[PDB]
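Only one chain is included here, represented as structure tokens and corresponding to the form solved without the ligand.
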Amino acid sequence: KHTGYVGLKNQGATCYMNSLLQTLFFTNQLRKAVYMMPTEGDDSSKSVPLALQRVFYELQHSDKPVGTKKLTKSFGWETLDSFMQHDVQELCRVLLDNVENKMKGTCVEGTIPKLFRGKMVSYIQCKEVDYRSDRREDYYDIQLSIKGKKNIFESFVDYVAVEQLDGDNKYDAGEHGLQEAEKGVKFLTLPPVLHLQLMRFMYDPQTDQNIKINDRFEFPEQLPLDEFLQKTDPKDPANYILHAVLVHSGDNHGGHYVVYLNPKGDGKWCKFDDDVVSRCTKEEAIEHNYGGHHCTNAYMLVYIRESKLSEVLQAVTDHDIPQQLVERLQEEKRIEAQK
């Protein structure tokens, strides 16, 4: 290997799956916690947490491309088009719901929200009566609008812009009746690991079909977000570092999926294209994926908070894998090897 990292097999139209798996694998802090999960009493092809432990172990250890058949079987997306029916954030919620669920009542409880959960305030403010409604809202990922948007900064501007509730569409202000009002969101916190989907694939917009937008959309290596926070912290600015770029070539139907990562967070990028992993330029991982006027562009970005980068990407050793886990896998390997 000229990269030191191994790829994942092409085993069907799994689309964004391999890309997402590498992205999660190189979230070292997540990966260590996953190894710690008590799975001894689980059924191999019925347990998502165990299946993920298998894939991570193999990605950490194998010199050969890693298979995912037991993993897809474990969360039940086994059909020809089962991945074409969903999107990357849905797969992501399935995987890490299953994982956080399993982590409840164990020594690594709380790992997932610690890494991925942020807080927003959602507000509704009546224009002409003293009524306002403020809610805490948690999120684990952010879907950013890109149509008509030149870059990530304006997607965020659009995200937190005020929506007007009037005309036909007045707000039901309960005791106050129908009322004109303003509705919006403000960021309270941003998580150590920030998952941003770029809404290139969307909608049934006067077509009653799903399309892919291939227009140019720029994102930076370094992403400052303090501006969008309701309240700022001097000792922890919301500066974010680009970790992964999930890429699609093609359009609203077919197409090829790859991911660019700089696993150590040092600006040294690799391209993961299923079983082929290769070192690439920064330019190829970043600007080359702005798209525009190819059909080869980013639909998801992973950023890590700069203050948390060293810890999120803490080194993993083979010792971080408990022996009991090592034995169940090794024995599985042994059975399989009679084939």
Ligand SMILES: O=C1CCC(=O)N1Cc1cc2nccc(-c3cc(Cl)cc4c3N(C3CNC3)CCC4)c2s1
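Note that the rigid core is defined as the largest set of C-alphas that superpose within 1.5 Å between two forms. Start at 1 with the first residue shown and count on from there.
Just so it is clear, the following notes concern the form solved in complex with the ligand, a form of the same protein that is not shown.
Placing the ligand onto this chain after superposition of the site C-alphas, with its pose taken in the bound PDB entry, gives at least three ligand atoms within 2.4 angstroms of backbone or C-beta atoms; the site is classed as blocked.
Contact annotation for the candidate site: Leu21, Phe26 and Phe272 all lie away from the ligand in the bound PDB entry (no heavy atom within 4.5 Å). Just one of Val160, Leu188, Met84, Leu178 comes within 4.5 Å of the ligand in the bound PDB entry, counting any heavy atom, and that one is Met84. Comment: the ligand is not present in this chain, but in the bound PDB entry one of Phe228, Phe201, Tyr123, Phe153 has a heavy atom within 4.5 Å of it, namely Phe201. Exactly one of the stretches 70-78, 123-131, 252-260, 234-242 approaches the ligand in the bound PDB entry with heavy atoms within 4.5 Å, and it is 252-260. Taking the partner from the other structure, the ligand in the bound PDB entry has no heavy atom within 4.5 Å of any heavy atom of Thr39. Residue contact with the ligand in the bound PDB entry: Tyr299 places a heavy atom within 4.5 Å of it. With the core fitted between this form and the one not shown, just one of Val185, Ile152, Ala238, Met202 shows a Cα displacement of at least 2 Å, namely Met202.
The Cα-Cα distance between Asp204 and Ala161 is shortened by 3 Å or more in the bound PDB entry relative to the form shown here.
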